[PDB]
């Protein structure tokens, strides 16, 4: 049928079997690049706005304020326009692409200082909302339960259905933790199957690995955009994570290049990280006959001025 606005069209993304990764086709990928704003975030942009409306936090008149490095800003920005909200986004004043894309979607952009970076813009966002709390709503991707909820309701059931319940393993890079949390809850709790949930983080910032091992948390710089926030976010449910896999920046990129040239899949850099990690678990006899489903958060063109090209 016909979606009332772009927000209602989120998801129903396809499963594609890999040919040059895994073992006799045991690695299938979910292309989240096929969304209204072309990322997994389209799901949480739609559901964080919907839920804020259902509980009167977001009202006709009120104005979205938020800080974004990328995908969620673009997602929350297509939703704002579709549903008729003014939005203000703050960002480490960067990617000229993402700046031009955001102004294109009718976002009132506020640039912070580089040296301060991501936490620079968060502060600035908060100030704008403390200037007039009654007119501003910060949705807060890293802790908003509406983030994991849409993945329990949509991304997870789609995996169940499309695999006919044969899914044995889910692999998901962790940014907010929303996807692995929501997906894992759907299959383990709603559908009653005891899959292996695998979180993927950069080896350069292995904070989930470090936490779970009782070792000093040392975050670090990497090139895998969308994962490796350098802290454990509230929307990563550790309790549902059966395994953590680390990937280096170089491998992730090469794997993203391999996905394009060898499989004809236009995947983002974080997509190369999940697939590198899935490929390793797939070439262990213990996962040989298991069906491994991998989340490919974004598409290639979002990355044209990055190390991916």
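Positions refer to the first chain, counted from 1.
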Unmodelled deposited residues between residue 93 and residue 94, binned: 1 to 3
Entry-level comparison of average CA B-factors, 64-72 and 244-252, reporting the higher stretch: 64-72
Do the CA atoms of 54-62 or those of 253-261 have the higher mean B-factor in the entry? 54-62
Top residue by Cα temperature factor, when 80, 146, 174, 110 are compared in the entry: 110
When you compare the CA B-factors of 234, 222, 152, 98 as listed in the entry, which one comes out on top? 98
Going by the entry, which third of its chain does the Cα temperature factor of residue 23 land in? lowest
Tell me, lowest, middle or highest third: where does the Cα B factor of residue 164 rank within its chain? highest
Would you please rank residue 89 by its C-alpha temperature factor against the other modelled residues of its chain and give the third it falls in: lowest, middle or highest? highest
Considering only modelled residues of the same chain, in which third does the CA B-factor of residue 238 rank: lowest, middle or highest? lowest
Among all modelled residues of this chain, ranked by Cα B factor, put residue 228 in the bottom, middle or top third, i.e. lowest, middle or highest. lowest
